[PDB]
Every structure is written in C-alpha cells, then in structure tokens.
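Summary of the model geometry
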Amino acid sequence: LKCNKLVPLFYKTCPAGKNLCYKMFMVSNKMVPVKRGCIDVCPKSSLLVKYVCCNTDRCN
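Conventions we followed
- Residues numbered from 1 in each chain as written, not as in the entry; some residues may be left out.
- Heavy atoms only, no water.
- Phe/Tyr/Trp six-rings, centres within 6.5 Å; stacked < 30°, edge-to-face > 60°.
- Helix = DSSP H or I, 4+ residues; strand = E, 2+ residues; numbered from the N terminus.
- Buried < 20%, exposed > 50% of the residue type's maximum accessible area, 1.4 Å probe, protein only.
- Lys NZ or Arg CZ within 6 Å of the ring centre and 35° of its normal.
- Disulfide = S-S within 2.5 Å.
- UniProt positions renumbered as here; feature names shortened; annotations may be inferred.

For this deposition, the record names solution NMR as the technique by which the model was determined.

1. Structural notes on the packing of aromatic side chains
Taken as a whole and assessed by the stated rule, the structure comprises one aromatic pair. Ring geometry for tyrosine 22 against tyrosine 51: centres 5.5 Å apart, planes inclined by 25°, an arrangement best described as stacked. Taken together, the residues span a long stretch of sequence, with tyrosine 22 in strand β1 (residues 21–26) and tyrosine 51 in strand β3 (residues 50–51) at a distance of 29 residues. A relative accessible area of 13% means that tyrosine 22 is categorised as buried. The ring of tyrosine 11 carries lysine 12 above its face, with NZ or CZ at 4.7 Å from the centroid.

2. Points about the UniProt feature "disulfide bond" in the chain
The UniProt disulfide joining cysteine 14 and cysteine 38 is present here, with an S-S separation of 2.1 Å. Of the two residues, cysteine 14 sits in the segment before β1 while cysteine 38 sits in strand β2 (residues 32–38), which places them 24 residues apart along the sequence. Neither residue differs from the other here; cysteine 14 and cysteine 38 are each classed as buried. In this model the annotated disulfide between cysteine 54 and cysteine 59 is intact, with an S-S distance of 2.0 Å against a 2.5 Å threshold. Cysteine 54 sits in the buried class, given a relative accessible area of 9%. Under the relative-accessibility criterion, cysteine 59 is labelled partly exposed at 36%.

3. Brief notes about the state of the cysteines
All chains considered together, the criterion is met by four disulfides. There is a disulfide in this structure between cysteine 3 and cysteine 21, and the S-S distance comes to 2.1 Å. Residues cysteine 3 and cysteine 21 are joined by a disulfide whose S-S torsion is about 85°; by sign, that bridge is right-handed. Taken together, the residues span a long stretch of sequence, with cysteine 3 in the segment before β1 and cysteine 21 in strand β1 at a distance of 18 residues.

Encoded structure:
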C-alpha cells in the first residue's frame, strides 16, 4: 500500500480502495518490474507481463 508508484518516489500512501501494490513483471532482460504501483488490475498473465501483486507493503 505505502508503495512505489513508478519507482524513484519510493514508498508512500495510495488513494482510497486501491488495494494491492502491482508491478509489470518483465522477466526477460533481468527481473525488471517495469511500472510498480498502486492501481487494481492485478492478476492474470500475458506473457511479457504477468504481475506480482503484493499486499504487504514491501515487495517493490
């Protein structure tokens, strides 16, 4: 929740019922979380972008 919305503003609070702290889980070049941050689109898997949601404020 208090969480990296983008990156270099690292960890602070998120509005309302925007629940888990998301991130664009690219595996390929290195594990490169692209965009991190609160929003709500969380689960599924594409391919270049699964997402690793996390409810404990720190995985980001």
